[PDB]
Structure formats: structure tokens, C-alpha cells
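Chain identifiers are assigned alphabetically (A, B, ...) following the order of the sequence lines, protein sequences preceding nucleic acid strands; residue numbering begins at 1 within each chain.
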Amino acid sequence: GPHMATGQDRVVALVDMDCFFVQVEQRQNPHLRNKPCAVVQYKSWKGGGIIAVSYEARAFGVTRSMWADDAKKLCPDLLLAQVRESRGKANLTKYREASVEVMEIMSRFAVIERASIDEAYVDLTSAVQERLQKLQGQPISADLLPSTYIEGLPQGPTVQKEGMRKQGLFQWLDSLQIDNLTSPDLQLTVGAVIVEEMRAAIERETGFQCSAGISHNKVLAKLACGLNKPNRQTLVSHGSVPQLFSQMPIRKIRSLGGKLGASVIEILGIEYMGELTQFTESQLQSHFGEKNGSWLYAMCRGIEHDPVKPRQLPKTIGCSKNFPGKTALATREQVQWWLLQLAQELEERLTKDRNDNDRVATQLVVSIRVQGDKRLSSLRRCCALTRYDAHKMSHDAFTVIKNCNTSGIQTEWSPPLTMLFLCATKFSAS
DNA sequence: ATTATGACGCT
DNA sequence: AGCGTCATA
Ligand SMILES: [Mn+2]
Ligand SMILES: [Mn+2]
Ligand SMILES: [Mn+2]
């Protein structure tokens, strides 16, 4: 009754850029705008690997992870932009810099948690209390929410899509009680008004469009964001959760897309998020561990407490390259040449980071993969990072991996290396 | 031969 | 510490 936590204490948003690397390339090259377009890395192997796809191109069935040669079969007029290559490798700097543009705009509104290169969470609880106080029990007009969907509406007693959005919004606003500054539905709505403003600013100041979700926690905000992409935002209320979850595949919720989610489905013999409500907290804990079980017990009821971390900057800076198939590194000087290439990119990015962000990395992580290993990393070793020097860093990396070579003679490397990875970590203020 | 990342959890 | 899981362009 009066003591049941409902997890409606916060207003959290997730803002996620639409087809982000594609938009970055479309801004730069107007010829790619409003076309089936994709971003590709490399070219030689089957036309290159697609890592971002415009919504026009998705209509033809083009997806991420597709080889460009295969995508061309679905969509002959597909336009392509290539990821930059520097020092023999893909270099993602243009996209990291475009990300910073967006993160700095979002930070004007609230402390953000950078969750990826193209998305951040915002805790808008405080900002909502402020906007409510100036509102002065003013109703919220539909015109203040021009791109917002209310999940689950319209419902009950027009065949166009924008018509449907407006009808749902009208029902939502009609039902609102703007008289109560502590009403969670009202707070979400004011949250959505602020996110319209945030999104307008992003687009005005960068040219990039984005989508967003507004809810009471990060997981619901993330899920909400995806419901009406592209270029729209979606409000998922506490009350909308039972219907939403009653047909929502478990794998759709963040963190459940892998082995754990598969095990929830297998062990409990269920399919949808809402079916989880029929288990006790102890029952879920028994199968999935203390932390996961409690998290599942609350999550299936729309409740989650994971805070929005105040972290706008990535806490690691890394450089990685695969050496597939026959390109696997089989000689010493090969290994040393590529460690230098990686190390030089790292030094470049590290030095820029120190200047911009007043910090220094203190640990260097070196990872490799060896042929045969299904695993993604075969081996990970750390050493001190005391100087931003590429030659020192590459020499040190070699030192930590020197012994992995199984060949008797030292000139050859075996078994051949199919991946090198250098990561700077453990930052301290400077 | 999707690749290049980046965060968090376990022991 | 090193490994594993999950995620995101
Ligand atoms: Mn995106
Ligand atoms: Mn994203
Ligand atoms: Mn995506």
C-alpha cells in the first residue's frame, strides 16, 4: 500500500543520435543528404564493413555488419562514406570529435553520463522541479511537445501517423494534473518539454538529429528512445509499463541481450518481460544471483535505481586492430611495426586529451589475440604508463607480450597474432 | 573476415 | 590483476 516503492522519484532521459556516423558524413558532404547511405570501414575485403546506415538505406534491408558488396545487392544506388585510415588503420577521430559537440550541448542542461559515442543519460529531476516552479501551475500545451510520443496512447473509445501521435498526446495532457508539483506523470511531462529543448539545441547547433526517451530510470529511458526513431522522443510513464512489458521480449531490455537473458528465458520458461512479475525476489535471486535477481524483480515492475553518473569523458583511451585470415602477424618486425602504429595513434589522442581535460593516464593495457582462439582477447597484461611517448609505449607493449611467441627462433612469431590492442587507463588529475 | 571500441562485473 | 559479459557506431 502506502509503503510500496514505485520508482518514480527521478526523471531520467536518454538522448541517442540518429544513424550517427552517417549524419556526421552527411553534414560534411551535402551530396549524401537524404539518400540511402552507409558508413564503411576498409574496402578491400567484400567492399568493406558497414557500421552505420541511413534510414533511407534501412528501407532496402541494409544493416550494420553487412559487407558493402552484399548491401549493394539489396540497394544498388547505396552511397558510401569511408572511415578515415591513418597509420594503416581505421581512425575514428572525426566521430569522437562530433560526439564531443553533442555532449557539450547536453551538459548545458544537466550533468550527463556518456553511455556511448552517440548517447548520454540525463538526470532531469532537479531541472524539472525548477521548470515546474516557474510554470506556476500553468497547463502544459501540446505545442511545447511537438515531437513527443506518449507510449500506450491513444487508447479506448485517423489513419495517419502524425495524427496518431497528436491524439495520444492530447489524451495524455487531458488526463494530467498540473496542480500537483509532486505528480510523477507531470514531472515526466515537464521532463519531455526540457528534452524537446535539448534536442532542438543539438540540431540547431550541430545539424544532427536525435531521438530520446523520457522515463523514471535509465533502462526505461533507453527502451523508450528506440520506440519512435528517428527524430522523435517518447515518454514511457510508470503506468505504461504493464502493457508495454506484457509483450516485450526479455532480450530487448539493456543488459539482457546476451547469455543472462537467454538463461532467464530457458530457466523460467518465459518469453516476455512482464512474465517475470510472477516470481518472488528470492526465486529470481536463486537462479540469477543476489544482484541480478533483485534487479530483475524491480525491473519487471518498471523500477531501477542505477544512477546517472556524472561522467562526460571516457575513462579509457584505446587503439585496436584485427589481423584477419592470412594477414595475421607472423614475424617480429611485423608485430613491432603495428605496435608502433597503434602507439602513435594513442600518443596523439592521449596528448590531446591531456591538453583538453587536465588529466594523465597512468596505466597501459596491452591485449592480443592468437589464431585459433574463439576468444576475443587471448591475453591481457598491464604495465606502467609514465610518458606520453609512442616509441616507449610500443617498446613496453612488446616487452609484456614477448613471451607469448611459441616459436623456437625469435624472428618468427607463432602462433600468428590476429589482434593487437593498446589501452590507456587509470587517469589522474594533472 | 564485421571491426573498433568502451564500461562494468566476477573472482 | 586478468577474464568475461554486454553494449554501441
Ligand atoms: Mn544512435
Ligand atoms: Mn547509441
Ligand atoms: Mn545502432
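Contact between A/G7 and A/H216 at its shortest, heavy atoms only, is O-CB, 3.2 Å. Taking all atoms of both residues into account, the shortest heavy-atom contact from A/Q410 to A/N405 is O-ND2, 4.0 Å.
For residues 304-361 of chain A, the set of pairs meeting the ring-ring contact (aromatic ring centres under 6.0 Å, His included) definition, not counting sequence neighbours, comprises A/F323-A/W338.
Salt bridge A/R349/A/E345: present, at least one basic N to carboxylate O contact under 4.0 Å. Salt bridge absent: A/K35 and A/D77 never bring a charged side-chain N and a carboxylate O closer than 4.0 Å. With respect to the salt-bridge test (charged N to carboxylate O, under 4.0 angstrom), the residues A/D70 and A/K73 qualify.
For A/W45 and B/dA1, the ring-to-base geometry satisfies the stacking test (centroid distance below 5.5 Å, interplanar angle below 30°).
Judged by distance alone, with hydrogens and angles left aside, the side-chain atoms of A/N228 form no donor-acceptor pair with the main-chain N or O of A/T234 at under 3.5 Å.
Note: CD1 (A/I250) to P (C/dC6) measures 14 Å, nearest angstrom. Following rounding to the nearest Å, A/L80 (CG) and C/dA9 (P) show an atom-to-atom distance of 19 Å. Between the CE atom of A/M103 and the P atom of C/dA9 there is a distance of 11 Å, rounded to whole Å. Residue A/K374 contributes atom NZ, which lies 13 Å from atom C1' of C/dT5 at whole-angstrom precision. Atom CD in A/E85 sits roughly 14 Å away from atom P in B/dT3 (whole-Å rounding). Atoms CZ (A/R27) and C1' (C/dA9) sit 16 Å apart, rounded to a whole Å. Residue A/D373 contributes atom CG, which lies 12 Å from atom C1' of C/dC3 at whole-angstrom precision. Rounded to whole Å, the distance from CE on A/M419 to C1' on B/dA1 is 15 Å.
No hydrogens or angles considered: a donor-acceptor pair under 3.5 Å links the side chains of A/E203 and A/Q209. A donor-acceptor contact under 3.5 angstrom links the side chains of A/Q28 and A/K94, judged on distance only. Between the side chains of A/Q312 and A/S107, at least one donor N or O sits under 3.5 Å from an acceptor N or O. No side-chain donor-acceptor contact under 3.5 Å links A/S237 and A/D185.
When heavy atoms are screened at a 4.0 angstrom cut-off, A/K222 is found touching the sugar-phosphate backbone but no base atom. When heavy atoms are screened at a 4.0 angstrom cut-off, A/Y95 is found touching no nucleic acid atom at all.
Residues from residues 256-264 of chain A placing a heavy atom under 4.0 Å of any atom in DNA chain C, listed by number, are A/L256, A/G257, A/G258, A/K259, A/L260. The stretch residues 380-391 of chain A comes close to DNA chain C through A/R380, A/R381, A/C382, each having a heavy atom under 4.0 Å from the strand. Using a 4.0 Å cut-off on heavy atoms, the residues of residues 62-74 of chain A that approach DNA chain B are A/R64, A/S65, A/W67, listed by number.
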| field | Per-nucleotide protein contact string for nucleotides 4-11 of chain B, where B marks a base within reach and S marks sugar-phosphate only (heavy atoms under 4.0 Å, - for neither) | value | SSSSS-S-

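For the P atom pair drawn from B/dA1 and C/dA9, the interatomic distance equals 25 Å after rounding to whole Å.
Residues passing the side-chain hydrogen bond (donor to acceptor under 3.5 Å, both in side chains) test with A/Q82, sequence neighbours excluded: none.
At C/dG4, one or more side-chain N or O atoms of A/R375 fall inside 4.0 Å of OP1 or OP2 (strictly under the cut-off).
Taking the six-membered ring for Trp and thresholds of 30 and 60 degrees, A/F208 and A/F20 have ring planes more than 60 degrees apart, a perpendicular arrangement.
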| said: Set out, in order, the CA-CA distance, both residues' side-chain angles and the distance that settles side-chain contact (heavy atoms from CB on, under 4.5 Å) for A/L417 and A/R369, then state yes or no. | reply: CA-CA 6 Å; A/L417 298 186; A/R369 183 185 187 191; over 6 Å; no

